[PDB]
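Student: My questions all concern the structure below.
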Amino acid sequence: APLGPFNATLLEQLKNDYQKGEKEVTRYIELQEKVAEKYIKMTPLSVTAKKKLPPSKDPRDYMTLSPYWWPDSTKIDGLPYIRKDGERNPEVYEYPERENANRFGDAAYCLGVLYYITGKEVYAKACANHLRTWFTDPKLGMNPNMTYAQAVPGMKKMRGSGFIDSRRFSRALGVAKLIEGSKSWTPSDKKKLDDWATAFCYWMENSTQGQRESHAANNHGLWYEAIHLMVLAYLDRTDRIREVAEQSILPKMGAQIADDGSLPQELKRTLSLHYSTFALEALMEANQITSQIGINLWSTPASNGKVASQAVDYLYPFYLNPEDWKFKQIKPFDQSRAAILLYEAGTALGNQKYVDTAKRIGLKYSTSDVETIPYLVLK
Amino acid sequence: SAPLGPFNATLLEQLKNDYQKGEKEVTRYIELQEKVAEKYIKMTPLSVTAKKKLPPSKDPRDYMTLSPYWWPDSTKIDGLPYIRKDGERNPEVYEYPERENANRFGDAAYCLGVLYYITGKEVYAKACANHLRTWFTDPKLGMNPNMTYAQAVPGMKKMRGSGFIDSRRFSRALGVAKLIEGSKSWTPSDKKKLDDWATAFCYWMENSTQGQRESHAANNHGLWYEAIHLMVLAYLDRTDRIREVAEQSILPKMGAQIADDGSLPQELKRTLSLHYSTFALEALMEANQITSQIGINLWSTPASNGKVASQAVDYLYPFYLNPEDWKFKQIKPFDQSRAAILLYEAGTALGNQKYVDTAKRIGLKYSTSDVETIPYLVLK
Ligand SMILES: O=C(O)[C@H]1O[C@@H](O[C@H]2[C@H](O)[C@H](O)[C@H](O[C@H]3[C@H](O)[C@H](O)[C@H](O[C@H]4[C@H](O)[C@H](O)[C@H](O[C@H]5[C@H](O)[C@H](O)[C@H](O)O[C@@H]5C(=O)O)O[C@H]4C(=O)O)O[C@@H]3C(=O)O)O[C@H]2C(=O)O)[C@@H](O)[C@@H](O)[C@@H]1O
Ligand SMILES: O=C(O)[C@H]1O[C@@H](O[C@H]2[C@H](O)[C@H](O)[C@H](O[C@H]3[C@H](O)[C@H](O)[C@H](O[C@H]4[C@H](O)[C@H](O)[C@H](O[C@H]5[C@H](O)[C@H](O)[C@H](O)O[C@@H]5C(=O)O)O[C@H]4C(=O)O)O[C@@H]3C(=O)O)O[C@H]2C(=O)O)[C@@H](O)[C@@H](O)[C@@H]1O
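In the order they appear, the protein sequences are chains A and B.
Whatever position you read off the first sequence (first residue = 1), add 23 for the deposited numbering.
Whatever position you read off the second sequence (first residue = 1), add 22 for the deposited numbering.
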């Protein structure tokens with residue numbers, strides 16, 4: 024399997040069994056094919072489909088609103104916005120990119136994985152239509168930056184926090200690897216997308232905002248490195264992946280896991296069980312890439328001896344019973360998020376207890392959630 | 023003599039009097055309100071027809087929103103039929119522009135209409151009328167007088183009445199139009215058209231199958247149905263209907279929903295049970311602002327079964343002091359500011375100083391731009 028942001032073992036297993044005609048996998052891939060048919064018809068989305076322009080006046084600049092920032096009723100014009108941690112301001116849906124990056128990301132990811140598994144050219148053709156439009160088109164493609172992501176009206180300083188939005192379309196960037204060699208993904212297509220990814224990676228590493236985000240003390244820093252790895256793996260820069268793993272991910276993990284295994288930076292949030300899980304989800308997705316080159320982020324210690332397994336240990340009780348959670352969680356926690364997390368951390372740590380609970384929680388056999396495509400083992 | 027409408031007419035009258043007599047404190051406050059009201063004079067009138075996805079009737083003048091707690095089923099190839107997650111608002115609701123635009127229209131018209139009553143400045147009647155015409159009566163941009171496709175649910179086979187509760191956003195603006203009668207901007211033809219629309223809307227409320235169902239609802243939908251009913255009836259000056267509705271529908275519905283201890287069992291079973299307990303009384307509170315204008319006090323008048331709405335305030339009052347003591351499911355935090363206006367209204371109606379004191383202690387922010395708080399200088 025090519026290097027990319029997915030469990031390559033589960034993907035290889037599925038393609039292997041599908042080609043062998045194995046009855047149970049074959050009908051499962053056929054259901055996925057039935058779910059994926061809406062993505063073949065779907066019109067490609069573009070970041071430029073917005074009316075309100077960002078300060079650059081360029082519709083190709085991605086812009087969303089930072090979700091927890093609200094107008095201040097006690098100001099005639101509402102400015103400057105104020106923060107209510109954990110309460111999503113519905114003004115976020117006035118920026119079409121917020122949901123459209125998700126819609127595009129799901130479509131490209133699902134089609135690419137189906138093309139890899141089945142070899143059917145119809146999936147590469149449709150995946151490529153989405154990739155070209157979203158990334159490389161000279162009129163419709165998004166500029167390779169996240170300058171105006173999670174802007175806050177009337178905030179004086181530029182922030183890097185919006186970079187975390189990138190995870191929606193960066194999974195799709197990596198899945199582009201899977202359609203290389205099809206008839207639809209031409210060398211010219213690959214060149215343009217390589218150049219875009221090179222430019223986006225330059226922006227991540229050298230813009231002031233990217234630099235700040237790479238030093239974030241909480242899950243923003245972890246998700247920054249998960250996204251970085253997706254870009255680097257798409258550009259086939261495996262040596263950089265190791266260096267990021269050992270000079271950034273491991274030190275960050277070693278600083279953010281407390282001695283007891285809790286994540287103090289996520290504990291202080293209004294959705295602290297969501298953000299403990301979200302922080303580990305960054306690690307899980309980073310690990311799917313590092314482990315394809317022999318680096319197990321779950322078991323590899325930081326310089327101070329801390330290991331990511333300790334953070335799963337701390338949380339595992341509360342995944343069995345989320346109502347036992349003793350920290351602030353102003354909205355109910357979705358236990359289904361732990362299924363994939365516990366499976367991924369479970370197999371990587373040879374911990375059957377985690378894997379057992381992962382299948383008992385399970386995923387819906389017929390769910391259309393694209394991130395669950397590889398996890399038949401959970402259905 | 024403040025016209026019959028959906029507002030605390032007592033507080034509205036004091037403000038106009040003090041403003042006219044120059045009292046410094048009201049004058050400063052109305053000047054703040056005027057500064058907030060400037061965005062409504064600049065704002066382009068909204069229309070229900072500004073939507074892309076049409077309803078089954080193919081008519082953009084038909085109001086349509088999505089029922090907020092209905093989500094696609096991931097386990098079905100087309101997501102259909104939707105399934106319900108009580109208390110979790112599906113962000114798809116924002117794909118129907120009426121959801122927020124009825125709210126923006128109603129706030130604008132209510133604010134401009136009240137400022138015109140307080141200040142007499144014709145610029146406020148002019149802008150209010152522009153919003154009212156565009157939303158209600160315009161032959162191309164005005165909404166049809168019905169709520170057939172309000173809170174539709176995709177792939178649901180039966181028509182429901184639950185979406186009628188959406189009407190409270192624009193029916194308050196309907197009532198405020200009474201305040202700009204006699205201005206230069208609101209012509210007899212304007213009033214005639216809106217009278218005819220409201221008459222048509224009232225006919226739909228009372229005779230459509232959806233309106234009949236919603237009028238029989240056992241929970242806060244029945245209270246809000248009659249509060250909206252009263253706003254329409256007061257705008258149409260049908261004071262006898264108001265009286266009949268107060269005694270034959272609101273009080274019996276109120277009495278059937280109040281438990282022995284004062285709780286509201288129908289709202290208790292919700293995932294947002296302290297919010298929906300408060301939402302039920304807010305229906306009663308706004309109905310009362312209209313009934314009390316013609317001598318019927320819904321806070322103190324007992325129902326045929328002996329239940330009285332004051333009993334439901336007693337039950338909730340401890341939990342307004344300390345919202346974390348609420349023992350029932352509340353999957354989102356409860357905003358205590360909502361209890362300010364509610365406790366002031368019931369307090370003044372029930373002669374209960376403890377409630378009015380707690381209302382002023384909680385207070386509203388003096389400089390807030392929340393239009394529904396305009397009358398309540400006494401709380402700021
Ligand atoms: O894909 C999915 O898994 C899932 O994601 C959903 O997207 C949501 C989720 O909540 C997601 O976890 C993520 O949350 C972000 C969020 O977008 C903001 O970036 C928010 O930003 C916070 C952080 O705390 C940040 O470090 C900083 O905080 C500081 C403040 O600025 C302030 O000054 C304060 O006093 O001090 C703090 C501090 O750092 O000490 O900025 C905050 C801010 O609010 O600006 O952070 C979280 C996060 O990652 O921590 O994204 C959400 C989103 O809506 O984008 C959703 O899409 C769902 O459907 C998916 O399934
Ligand atoms: O103005 C403000 O204070 C504030 O309000 C905000 O608007 C929100 C609020 O929650 C508001 O109170 C209102 O809630 C409604 C909601 O729109 C639905 O109509 C919902 O409908 C529920 C009811 O239970 C209904 O009786 C029925 O329930 C049945 C189910 O369909 C199901 O089959 C079940 O098994 O059986 C029940 C049954 O009892 O028969 O339909 C339900 C449904 O979910 O379909 O009810 C509530 C309500 O009034 O009780 O509207 C919300 C909204 O999102 O519009 C918001 O506007 C804010 O900005 C304001 O400031």
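For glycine and all other residues, C-beta sits at the position ideal for the given N, C-alpha and C.
(1) Any beta carbon of chain B sitting closer than 9 Å to that of A/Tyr146?
(2) Per DSSP, which residues does A/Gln352 bridge with? Please list them.
(3) Given a cut-off of 9 Å, decide if B/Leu320 and B/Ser314 are closer than it, judged by their beta-carbon atoms.
(4) Between the Cα of A/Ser285 and the Cα atoms of A/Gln234, A/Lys349, A/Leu258, which residue gives the shortest distance?
(5) Could you pull out every unbroken alpha helix (DSSP H) segment of at least 4 residues lying fully inside the region 34 to 72 of chain A, listed in chain order?
(6) Could you give the residue range of the beta strand (DSSP E) that holds A/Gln173?
(7) Cβ atoms of B/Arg194 and B/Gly128: under 9 Å apart, would you say?
(8) Could you tell me if the beta carbon of B/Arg121 falls within a distance shorter than 8 Å of some heavy atom in ligand 2?
(9) Identify the continuous alpha helix (DSSP H) that holds A/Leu196 and give its terminal residues.
(10) Are the C-beta atoms of B/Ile99 and some chain A residue less than 9 Å apart?
(11) Hey, is the region 251 to 266 of chain B in contact with the region 294 to 301 of chain B, meaning 3+ C-beta pairs nearer than 8 Å?
(12) Using beta carbons (cut-off 9 Å, strictly below), is B/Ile272 in contact with chain A?
(13) Output yes if chain B places a C-beta closer than 9 Å to the C-beta of A/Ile105; else output no.
(14) Please classify A/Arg260: does DSSP put it in a helix, a strand, or coil?
(15) Is the beta carbon of A/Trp208 sitting closer than 9 Å to the one on A/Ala147?
(16) I want to check one thing, is the minimum distance from the CB of A/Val115 to the heavy atoms of ligand 1 below 8 Å?
(17) What residues from the region 337 to 369 of chain A come within 7 Å of chain B, judged by C-beta to C-beta, listed N to C?
(18) Quick check on A/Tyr225: buried or exposed, where buried means 16 or more other Cβ atoms within 10 Å of its Cβ?
(19) For a contact defined as C-beta to C-beta under 7 Å, what are the partners of A/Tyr116 on chain B?
(20) Taking buried to mean at least 16 other C-beta atoms within 10 Å of its own C-beta, is B/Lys43 buried or exposed?
(21) Mind checking B/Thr49: buried by the 16 CB within 10 Å criterion, or exposed?
(22) Name, please, each residue of chain A whose Cβ falls closer than 9 Å to the Cβ of B/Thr390.
(23) Using a beta-carbon distance cut-off of less than 7 Å, what residues from the region 278 to 294 of chain B approach chain A?
(24) In the region 55 to 77 of chain A, which residues sit with their C-beta less than 9 Å from some C-beta in chain B, listed in chain order?
(25) Please tell me whether A/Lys206 has its Cβ less than 9 Å away from any Cβ of chain B.
(26) Between B/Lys329 and chain A, is there a C-beta pair that is closer than 9 Å?
(27) Any chance the CB of A/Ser184 is under 8 Å from a heavy atom of ligand 1?
(28) Hey, would you say the C-beta of A/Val175 is under 8 Å away from at least one heavy atom of ligand 1?
(29) Beta-carbon separation of A/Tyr398 and A/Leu33 under 9 Å?
(30) Ignoring anything shorter than 4 residues or poking outside the region 209 to 236 of chain B, list the alpha helix (DSSP H) runs there in chain order.
(31) Run down chain A in chain order and give the residues with a C-beta less than 8 Å from the C-beta of B/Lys387.
(32) Looking at A/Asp160 and ligand 1, is the gap between the Cβ and the nearest heavy atom below 8 Å?
(33) Nearest-angstrom Cα distance between B/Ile280 and B/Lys329?
(34) How would you write the range of the beta strand (DSSP E) that B/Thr87 sits in, first residue to last?
(35) Which of helix, strand or coil does DSSP assign to A/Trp246?
(36) With a threshold of 8 Å, establish whether the CB of B/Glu304 neighbours any heavy atom of ligand 2.
Tutor: Judging by the given coordinates:
(1) no
(2) A/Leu294
(3) yes
(4) A/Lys349
(5) 46 to 64
(6) 171 to 174
(7) yes
(8) yes
(9) 190 to 198
(10) yes
(11) no
(12) no
(13) no
(14) coil
(15) yes
(16) yes
(17) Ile353, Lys354, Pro355
(18) exposed
(19) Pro113, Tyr116
(20) exposed
(21) exposed
(22) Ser96, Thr97
(23) none
(24) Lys57, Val58, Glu60, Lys61
(25) no
(26) no
(27) yes
(28) yes
(29) yes
(30) 210 to 229
(31) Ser96, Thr97
(32) no
(33) 7 Å
(34) 86 to 88
(35) helix
(36) yes
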